Amino acid sequence: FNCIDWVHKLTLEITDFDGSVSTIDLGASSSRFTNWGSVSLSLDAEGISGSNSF
Amino acid sequence: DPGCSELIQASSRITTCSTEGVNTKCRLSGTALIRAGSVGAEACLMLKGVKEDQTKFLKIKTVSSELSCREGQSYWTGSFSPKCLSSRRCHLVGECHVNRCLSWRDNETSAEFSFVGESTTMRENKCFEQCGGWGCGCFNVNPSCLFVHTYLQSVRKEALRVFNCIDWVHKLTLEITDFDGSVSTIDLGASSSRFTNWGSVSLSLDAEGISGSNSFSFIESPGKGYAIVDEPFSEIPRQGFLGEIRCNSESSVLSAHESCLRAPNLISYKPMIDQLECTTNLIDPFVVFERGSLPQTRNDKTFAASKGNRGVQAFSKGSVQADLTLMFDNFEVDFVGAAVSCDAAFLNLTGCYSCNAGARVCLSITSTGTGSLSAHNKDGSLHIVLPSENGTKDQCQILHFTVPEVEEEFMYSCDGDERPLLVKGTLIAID
Amino acid sequence: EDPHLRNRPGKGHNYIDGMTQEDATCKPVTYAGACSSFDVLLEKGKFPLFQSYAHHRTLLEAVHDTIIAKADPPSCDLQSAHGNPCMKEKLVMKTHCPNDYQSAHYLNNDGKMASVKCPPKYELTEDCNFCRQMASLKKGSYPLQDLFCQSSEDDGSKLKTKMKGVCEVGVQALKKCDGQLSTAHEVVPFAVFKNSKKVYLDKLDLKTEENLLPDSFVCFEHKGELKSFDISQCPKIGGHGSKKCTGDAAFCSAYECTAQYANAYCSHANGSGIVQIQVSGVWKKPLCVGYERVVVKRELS
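Undergrad: Just to check I follow, could you spell out the overall build of chain C for this structure?
TA: Scanning chain C from N- to C-terminus turns up four helices and 16 strands. Taking the principal axes of the C-alpha coordinates as reference, chain C spans close to 70 × 50 × 30 Å.

Rendered as structure tokens:
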């Protein structure tokens with residue numbers, strides 16, 4: 001396979017208020033689904049250009 | 001304290017009157033031109049009946065100089081998060097087939113998720129190929145299918161209507177006072193036309209006009225402030241730019257209706273036998289909304305929201321040079337011929353001469369009832385008209401002069417009889 | 001929300017003095033009986049106003065509700081000579097009306113219900129000016145204009161007709177036109193307040209505020225096929241009534257409901273509530289808003 005763009009993914013281990021541990025991940029502007037609602041990465045200023053030729 | 005400044009007399013070409021029950025009912029039908037005032041100054045067209053005391057007033061107060069924006073192409077955007085629903089089924093059972101799951105249509109509803117319903121919520125149907133045999137969860141050697149029923153849900157509790165501007169319309173908010181006493185507030189922008197009960201008003205001459213707004217898009221928020229974006233407006237709902245998942249109304253965004261537009265094939269998928277991680281990559285409008293929240297100055301102006309009416313405006317630091325056009329649609333103006341009398345007194349005089357701001361005057365009008373005062377000099381340079389009331393009241397209006405040493409005797413009349421009145425005061429040079 | 005356009009709240013009377021020959025099948029108005037003064041209002045695709053305001057009163061029911069006065073005489077005789085007061089007010093109403101009729105009610109200048117009459121044996125013509133000889137004859141009254149009625153006690157006697165660009169409409173002498181005028185036939189709506197005048201409407205601005213009102217619910221029956229019954233017999237919260245009635249959250253949220261023990265099913269209506277008007281830039285609550293097709297004399301150079 002190939003890669004059209006390098007998505008800056010950040011593996012976050014969100015801990016709830018009661019103490020529930022949930023490990024998720026957020027990249028660029030992707031959203032997930034947690035027990036407390038939803039979360040998504042906002043600002044992103046990190047990337048690698050030239051990925052189609054690999 | 002600020003009152004009428006540009007005081008002109010109506011021509012007799014469109015002025016008529018008819019006595020009905022000892023009541024001169026003046027009627028106007030035509031088009032008149034009046035000079036617009038500056039910030040604080042007012043303008044009114046004085047009516048002349050069949051005698052001296054019969055004189056009304058149509059004073060119009062100018063609030064401030066506003067620069068409204070012209071809207072056009074807009075859309076309702078918002079954030080959304082997909083909800084993937086995976087259900088792996090072995091081959092030769094139900095609808096799990098090797099030649100059907102690959103070329104699966106989007107409009108067709110799968111049997112593994114047909115219990116949801118054919119609602120207006122944004123949905124889509126996919127079809128992935130998995131493995132077969134006892135290595136994952138089947139009985140035949142043929143690969144199994146993966147029925148996917150992903151539906152979109154609204155994330156943000158509010159929607160935004162991103163619009164754009166093509167030209168800055170110089171709008172002047174006016175508070176027109178009718179002849180009977182009904183006060184109405186309207187607005188005139190560049191060449192706008194607003195119909196009233198006594199006719200219609202329109203703006204003719206314009207001055208301020210910011211050119212260069214086609215490469216800037218605005219963001220409107222219901223109930224809160226506005227915003228500004230430093231990029232040209234986008235119309236094609238593509239990926240990357242603002243407006244990937246748009247709609248046409250607030251209910252279509254808060255409830256995710258099928259009438260909204262979106263880019264084909266935009267929801268990613270991660271098939272993991274029985275697991276599924278569907279997600280999107282849409283730009284959050286609240287990021288630019290927070291990074292560019294008004295007030296945001298540009299070049300040499302100040303962009304802000306409006307007060308009362310919804311719409312983007314702009315503030316400038318220039319003068320007020322415009323001409324108001326009045327129109328009368330046969331509006332009957334009655335006035336009793338038995339007017340009351342009253343006496344006036346001088347108070348103070350502070351302002352400027354030979355300027356658009358003029359100079360305010362203080363006059364103590366003491367009468368016995370609600371009437372109208374009319375004052376005129378000798379050389380025919382100025383004219384004072386103040387609505388008389390009952391008791392000792394403080395009145396006055398804007399009086400422009402051409403000499404800092406103001407010294408001219410005025411003769412005021414409330415019901416026909418004239419009385420002398422000398423005024424004085426110093427002024428400053430205001431250009 | 002079953003469409004029931006036969007239940008009439010309040011009195012439900014449709015008759016005028018001098019011609020009370022329809023008090024058997026129209027007093028009150030129910031499912032049984034045949035009255036030409038109510039059956040013509042249920043036409044399909046003809047009277048959208050009465051279909052929209054189904055659970056509201058009309059004009060005759062408003063007169064019989066002791067909330068508005070009637071004209072004098074209430075039934076002008078079109079057969080007598082030496083003229084009649086009901087001539088200059090109806091002659092300007094150039095409208096179409098079927099034959100086999102004997103009466104026609106409308107609104108005059110003083111805000112009163114002015115109607116005509118036809119003694120036996122005379123029937124109305126195509127215009128309704130004179131009465132001619134005559135098949136069954138509809139002894140009721142054909143409504144020449146479409147309007148509704150409701151309960152309102154808001155003050156507004158000093159508010160007259162406020163029109164712009166029209167010097168004379170219908171028969172009333174509004175503003176004085178010193179120049180010329182053009183005679184045309186247009187449809188101009190009108191309105192009426194509590195003891196006022198026939199206030200015509202230039203900008204029709206109406207709204208419906210649907211609220212928990214007793215006239216916004218229809219009760220059914222329990223057999224063991226759901227026919228209507230009555231709404232004034234259902235018990236209330238803290239009050240007393242006849243047979244117990246139940247329903248959904250709207251009927252049980254305001255009244256008393258026992259579901260299984262109840263013997264009636266009260267459901268919510270459709271298109272009924274507080275209706276206000278926007279005249280002179282202010283919101284008011286009138287008695288009935290309607291329209292007509294009369295002679296409109298606008299301004300002309």
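Undergrad: Can you walk me through the overall build of chain B in this structure?
TA: Scanning chain B for helices and strands turns up two helices and 31 strands. A globule of 431 residues ought to have a C-alpha radius of gyration of about 22 Å, yet chain B, at 35 Å, is considerably larger. C-alpha extents for chain B along the principal axes are approximately 115 × 50 × 35 Å. Within chain B, counting contacts between residues at least 6 apart in sequence, those at least 24 apart form 66% of the total.

Undergrad: Help me out: how do you make sense of the sheet that holds strand β15 (residues 282-284) of chain C in this one?
TA: Backbone hydrogen bonds are what pair the strands of a sheet, in a parallel or an antiparallel way. Residue and element names in this part refer to chain C. Here we have three strands laid out as an open sheet, ordered β10-β14-β15, and antiparallel in their pairing. Each edge of the open sheet carries a strand with a single partner, namely β10 (206-209) and β15. Taken over all neighbouring pairs, the strand axes of this sheet differ in orientation by 30 degrees on average, direction set aside. Across three bridges, the pairing between strand β14 (residues 274-279) and β15 is antiparallel. Bridged to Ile277 within β15 is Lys284.

Undergrad: Mind showing me how you'd approach the interface of chain B and chain C here?
TA: Interfaces are often described in size by the accessible area the parts lose on coming together. Facing the eight residues of chain B at the interface are six residues of chain C. Summed over both sides, the interface of chain B with chain C buries roughly 620 Å², with 38% coming from carbon and sulfur. If you look at where chain B meets chain C, you find one salt bridge. Between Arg27 of chain B and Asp178 of chain C there is a salt bridge, with its nearest N and O atoms 3.3 Å apart. At the junction of chain B and chain C, the tally comes to four residue pairs in polar contact. Ranked by residue count, the leading element in the side of chain B that touches chain C is strand β23 (residues 323-336) of chain B, at three residues. Tallied by class, the residues present in the side of chain B that touches chain C amount to one nonpolar, three polar and four charged.

Undergrad: Which parts of the structure should I look at to understand the packing of aromatic side chains?
TA: Aromatic ring pairs are described here by two measures, namely the spacing of the ring centres and the angle between the planes. One pass over the structure, following the stated rule, counts 17 aromatic pairs over all chains. Here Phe217 of chain C and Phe251 of chain C contribute two aromatic rings whose centre-to-centre distance is 6.2 Å and whose plane-to-plane angle is 70 degrees, an arrangement assigned as edge-to-face. Here the aromatic cluster, defined as three or more aromatic residues joined through ring pairs, consists of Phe163, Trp168, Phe218 and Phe303 of chain B. Positioned above the aromatic ring of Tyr75 of chain B, the side-chain terminus of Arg246 of chain B is 4.1 Å from the ring centre. Between the NZ or CZ atom of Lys207 of chain C and the centre of the ring of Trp283 of chain C, over which it lies, the distance is 3.9 Å.

Undergrad: What's the story with the sheet that holds strand β29 (residues 405-413) of chain B in this structure? I'm lost.
TA: All names here are of chain B. Read across the open sheet, the four strands follow the order β27-β26-β29-β30; overall the sheet is antiparallel. At either end of the open sheet lies a strand with only one pairing partner, and these are β27 (383-388) and β30 (418-426). Put simply, the sheet's adjacent strands are angled 30 degrees from each other on average, direction ignored. The pairing of β29 with β30 spans nine bridges and is antiparallel. If you follow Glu408 over to β30, its bridge partner there is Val423.

Undergrad: Please explain a nonpolar patch on the surface as it appears in this structure.
TA: Residues and elements named next belong to chain B. Side chains of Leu92, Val93, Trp134 and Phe139 sit close together on the surface and give an oily, nonpolar patch of about 510 Å² of accessible area. Summarising the element assignment, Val93 is placed in the loop between β8 (86-89) and β9 (123-129). Exposure remark for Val93: the relative accessible area of 34% places this residue in the partly exposed category.

Undergrad: Just to check I follow, could you spell out the environment of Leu102 of chain B for this structure?
TA: Residue and element names in this part refer to chain B. Inspection of the secondary structure puts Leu102 in the loop between β8 and β9. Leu102 gets classed as exposed once you look at its relative accessible area, which sits at 56%. In the structure, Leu102 is positioned 43 residues away from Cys145 in sequence and 8.4 Å away in space, judged by C-alpha atoms.

Undergrad: Honestly, the interface of chain A and chain B in this entry has me stumped. Any pointers?
TA: Each side of the interface is counted separately: chain A has eight residues, and chain B has ten residues. Counting the surface chain A buries against chain B, the share from its top three residues, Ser29, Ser31 and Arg32 of chain A, is 52%. For the interface between chain A and chain B, the tally reads zero salt bridges. Scanning the region where chain A abuts chain B turns up five residue pairs in polar contact. Here the side of chain A that touches chain B is composed, by residue class, of one nonpolar, six polar and one charged.

Undergrad: Looking at this model, I keep getting lost on the side chain of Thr58 of chain C. Mind explaining?
TA: Residue and element names in this part refer to chain C. In this fold, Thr58 is placed in the loop between α2 (48-52) and α3 (60-63). You can call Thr58 buried: its relative accessible area is 11%. Contacts of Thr58, omitting those with residues within four sequence positions, involve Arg8, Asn14, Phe50, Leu147, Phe148 and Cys149.

Undergrad: Which parts of the structure should I look at to understand the side chain of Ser51 of chain A?
TA: All names here are of chain A. Tracing the backbone through its elements, the reader meets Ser51 in the segment after β2 (21-27). Of the polar contacts made by the side chain of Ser51, one reaches the backbone oxygen of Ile4; its length is 3.2 Å. Once you skip the residues sitting within four places of it in the chain, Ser51 turns out to touch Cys3, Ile4, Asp5 and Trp6.

Undergrad: Please explain the pattern of salt bridges as it appears in this structure.
TA: Side chains that carry opposite charge are capable of pairing whenever their charged atoms lie near each other. Inspection of the entire model under this criterion finds 44 salt bridges over all chains. Taking the shortest distance from any N to any O, the salt bridge between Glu108 of chain B and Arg105 of chain B comes out at 2.7 Å. The class for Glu108 of chain B is partly exposed, based on a relative accessible area of 28%. Where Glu158 of chain B meets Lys224 of chain B, a salt bridge forms, and the shortest distance between an N and an O atom there is 2.4 Å. A residue pair is termed long-range when its members are at least 10 positions apart, and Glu158 of chain B in the loop between β10 (145-154) and β11 (160-164) and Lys224 of chain B in the loop between β16 (217-220) and β17 (227-229) qualify at 66 residues. One salt-bridge network, held together by shared partners, links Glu20, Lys25, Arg27 and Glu332 of chain B together with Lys176 and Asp178 of chain C.

Undergrad: Looking at this structure, I do not really get empty space enclosed by the protein. What am I missing?
TA: Where empty space is left can be seen by rolling a probe of water-molecule size over the atoms. Residue and element names in this part refer to chain C. The volume enclosed by the largest cavity comes to roughly 190 Å³. Forming the boundary of the largest cavity are 16 residues, of which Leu41, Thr58, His105, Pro143 and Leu147 lie nearest the centre. Mapped by element, the contributors of at least two residues to the lining of the largest cavity are α1 (36-39), α2 and α3. In the lining of the largest cavity, the residues fall into nine nonpolar, five polar and two charged.

Undergrad: How should the arrangement of the chains be read in this particular structure?
TA: Taken together, the two pairs of chains in contact show their highest number of contacts between chains A and B. No part of chain A reaches chain C; the closest C-alpha pair between them is 31 Å apart.

Undergrad: Would you mind showing me how to read the nonpolar core here?
TA: Across soluble globular proteins, nonpolar side chains show a tendency to be buried alongside one another. Among the nonpolar cores identified, the biggest contains 38 residues, and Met93, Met113, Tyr142, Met163, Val169 and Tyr200 of chain C are the most heavily contacted of them. Mapped by element, the contributors of at least two residues to this core are α3, β2 (105-107), β3 (113-117), β6 (166-169), β8 (180-192) and β16 (288-300) of chain C. Apart from the residues lying within four places of it in its own chain, the contact partners of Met113 of chain C are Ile16, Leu59, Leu60, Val63, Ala69, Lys70, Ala71, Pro74, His105 and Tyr106 of chain C. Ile34, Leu45, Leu58 and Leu172 of chain B belong to the second largest nonpolar core, which has 23 residues in total.

Undergrad: For this particular structure, what's the right way to read unusual backbone geometry?
TA: Excluding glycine, residues mostly carry a negative phi; peptide bonds, for their part, are mostly trans. A cis amide bond, omega 0 degrees, links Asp72 of chain C with the succeeding residue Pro73 of chain C. Of note, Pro73 of chain C is situated in strand β1 (residues 70-77). One non-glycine residue, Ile273 of chain B, lies in the positive phi region at around 55 degrees. Residue position: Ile273 of chain B is located in the loop between β19 (261-262) and α2 (285-291). Located in the positive-phi region is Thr66 of chain C, a residue other than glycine, with phi close to 55 degrees. Take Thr66 of chain C: it is sitting in the loop between α3 and β1.

The rules behind each value
- Residues numbered from 1 in each chain as written, not as in the entry; some residues may be left out.
- Chains lettered and ligands numbered in written order.
- Part of a larger assembly, values for the part shown.
- Heavy atoms only, no water.
- Residues with missing side-chain atoms left out of burial classes, pairs and counts.
- Helix = DSSP H or I, 4+ residues; strand = E, 2+ residues; numbered from the N terminus.
- Rg over C-alpha atoms; globule rule 2.2 N^0.38 Å.
- Contact = heavy atoms within 4.5 Å.
- Pairing = 2+ DSSP bridges.
- Axes fitted to C-alpha atoms, helices over the stretch in contact; angles between N-to-C directions.
- Buried area = accessible area lost by both parts, 1.4 Å probe.
- Salt bridge = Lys/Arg side-chain N within 4 Å of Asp/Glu carboxyl O.
- Polar contact = N/O pair within 3.5 Å; in protein donor to acceptor, adjacent residues only side chain to side chain.
- Nonpolar A, V, L, I, M, F, W, Y, C, P; charged D, E, K, R; others polar.
- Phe/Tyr/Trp six-rings, centres within 6.5 Å; stacked < 30°, edge-to-face > 60°.
- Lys NZ or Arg CZ within 6 Å of the ring centre and 35° of its normal.
- Patch = residues over 30% accessible without salt bridge, like charges linked within 9 Å, V, L, I, M, F, W, Y side chains within 5 Å.
- Areas by Shrake-Rupley, 256 points an atom, 1.4 Å probe, with all protein chains shown as cover.
- Buried < 20%, exposed > 50% of the residue type's maximum accessible area, 1.4 Å probe, protein only.
- 1 Å grid on protein atoms, 1.4 Å probe; cavity = no way out; pocket = protein on both sides within 12 Å on 5 of 7 lines; lining within 4 Å.
- Points joined across faces, edges and corners; volume = space filled by probe spheres on them.
- Core = buried A, V, L, I, M, F, W, Y, C linked by side-chain atoms within 4.5 Å.

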